[PDB]
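Residue numbers (the numbering used here): 1 to 448.
The beta carbon of each residue, even a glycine, is placed where N, CA and C say it ideally should be.
Following: one structure in structure tokens, then a few remarks.
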Ligand code: HEM
Ligand SMILES: C=C(CC[C@@H](C)[C@H]1CC[C@@]2(C)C3=C(CC[C@]12C)[C@@]1(C)CC[C@H](O)[C@@H](C)[C@@H]1CC3)C(C)C
């Protein structure tokens, strides 16, 4: 019932083309097969891709039992470790998930904007020192966000310890971790992974060491001199539902994950956004962005970013729309499911691509055009943050981070993209972002 693309090489499959260009390969699969839904073989494994925006509801709705993400996202354990992310089943993953959620509440967001905005201005005075100057944005942002993410989630104690090493190293230690065309084949990363074997463990060291000093540093007990409800402190104090406590190797793995989600996708998104806004073709938009923020005070607050920054969010979302950081959302088909006229059978890897769907013509016309005031012409087409049972729970914070950054930066600077056109998407990484070497930019301080 479901279609399949022709397989020239049986064992390798289409992983050759998909790697060279996944956007044009998938669009070519969809176009030639003459169907939104289709199947491809990656390493003797049927991968059914949903390219029809109207059928998104089929993909994202079903429960974990019908479509499981665990056994497809096993490739991620080398990055966090054991007992983190999709290593545990529902209960323990839900347990850690709600530890994160506990730190991401409507109440705790009151600190975030002041905390973020301070950290930005700090980094800005630290790295962008002269009135003018040249610096590549992707790496400078990667640092920016590592502070703002850490400051909000883990608090003031860590942002301090990590410093110049995490400012650039944890950034790099994470930038390093990325690996392409291995997810579909989890067998490859097992024996010979390129660096994540050393980098994740080397990364694991630096924070295991500062995880051991933290007991000797603060009083933080019965003096009530600081009401610390941060993530880490509570994360190593925490006990699971089954009685067992967090391991030192585990809490380390969590701190890594929280920072990954808080930084990697957000920094990509922060960059794309700025790149688009500083282009000359989008001056009409940049002008509009200033009309929005120019009446704010120096000290922004929660209400300013949430309630009073509509267009900035539009720019951020459309940037995530055009070049979605996560290409392929995937599930293990542990039970049959109807998807339009076809059926997808048990045992398959069913997947849905934000990249593909965001470039569907009906939903998004002239999809390569960054138009922040556009809207999804098909409902539920945009899946940048996913949807359904596994919808991103960090969407608020991500948008808060980015919008705040944009507000703080563009208020006190002007940027000149040292290129004719905007950077290409570097699809070498599965976690996609603008091409590193194309991101060189002249900053220019603003003065009244
Ligand atoms: C631009 C920023 C971000 C993007 C593009 C993004 C993207 C995504 C996507 C596509 C998914 C769904 C994957 C799927 O359906 O299988 C998702 C889920 C999730 N994201 Fe994000 N995310 C972002 C920021 C964040 C942040 C800041 C956090 C935490 C601070 C976070 C934590 C999560 C969690 C916990 C899930 C749950 C998925 C599950 O239940 O299996 N994300 N994210
Ligand atoms: C840090 C969290 C969990 C956050 C986890 C679930 C997030 C962070 C990175 C995310 C978004 C990633 C996910 C989905 C969920 C992850 C693992 C995936 C696996 C989505 C599928 C993509 O193909 C792949 C590139 C990304 C990798 C990053 C708690 C353990 C505290």
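Shown here, residue 420 sits in coil according to DSSP, grouped into three states, outside any helix or strand. Residue state for residue 392 is assigned as coil, using DSSP reduced to three classes. Annotation: the continuous beta strand (DSSP E) that includes residue 442 extends over 440-445.
When DSSP states are grouped into helix, strand and coil, residue 201 belongs to the helix group. Residue 13 and residue 40 do touch by the CB rule: their CB atoms are close to 7 Å apart, below 8 Å.
Assignment of alpha helix (DSSP H) within the region 270-351, counting only whole runs of 4 or more residues, yields 283-293, 302-307 and 310-322 in chain order.
Distance from the C-beta of residue 438 to the nearest heavy atom of ligand 2 is not below 7 Å.
Taking 3 residues as the minimum length, the beta strand (DSSP E) runs contained wholly in the region 40-73 are 46-50, in order along the chain. Listed in chain order, the non-local C-beta contacts of residue 268 below 6 Å within the same chain comprise 325 and 433, local neighbours out to five positions each way being set aside. For a cut-off of 8 Å, the C-beta gap from residue 381 to residue 363 is around 4 Å, short enough to register as a contact.
Put simply, the region 57-67 touches the region 322-336. At least three CB pairs are less than 8 Å apart. For the pair residue 117 and residue 235, the Cα-to-Cα distance works out to about 26 Å. 399 is the residue among 247, 244, 329 and 399 whose C-alpha sits nearest the C-alpha of residue 316. Under the 10 Å beta carbon count, residue 348 is surrounded by 16 or more other beta carbons and is classified as buried. Our two residues, residue 273 and residue 113, have alpha carbons roughly 19 Å apart in a direct line. Residue range 15-20 is occupied by the alpha helix (DSSP H) that includes residue 16. For residue 290 and residue 264, the gap between their C-alpha atoms comes out near 27 Å. For residue 390, the distance from the CB to the nearest heavy atom of ligand 1 is below 7 Å. When the Cα atoms are used, residue 410 and residue 403 turn out to be separated by approximately 11 Å. By the neighbour-count criterion, in which a residue is buried when 16 or more other Cβ atoms sit within 10 angstroms of its Cβ, residue 203 is buried.
Nearest C-alpha to residue 196 among 180, 446, 209 and 210: 180.
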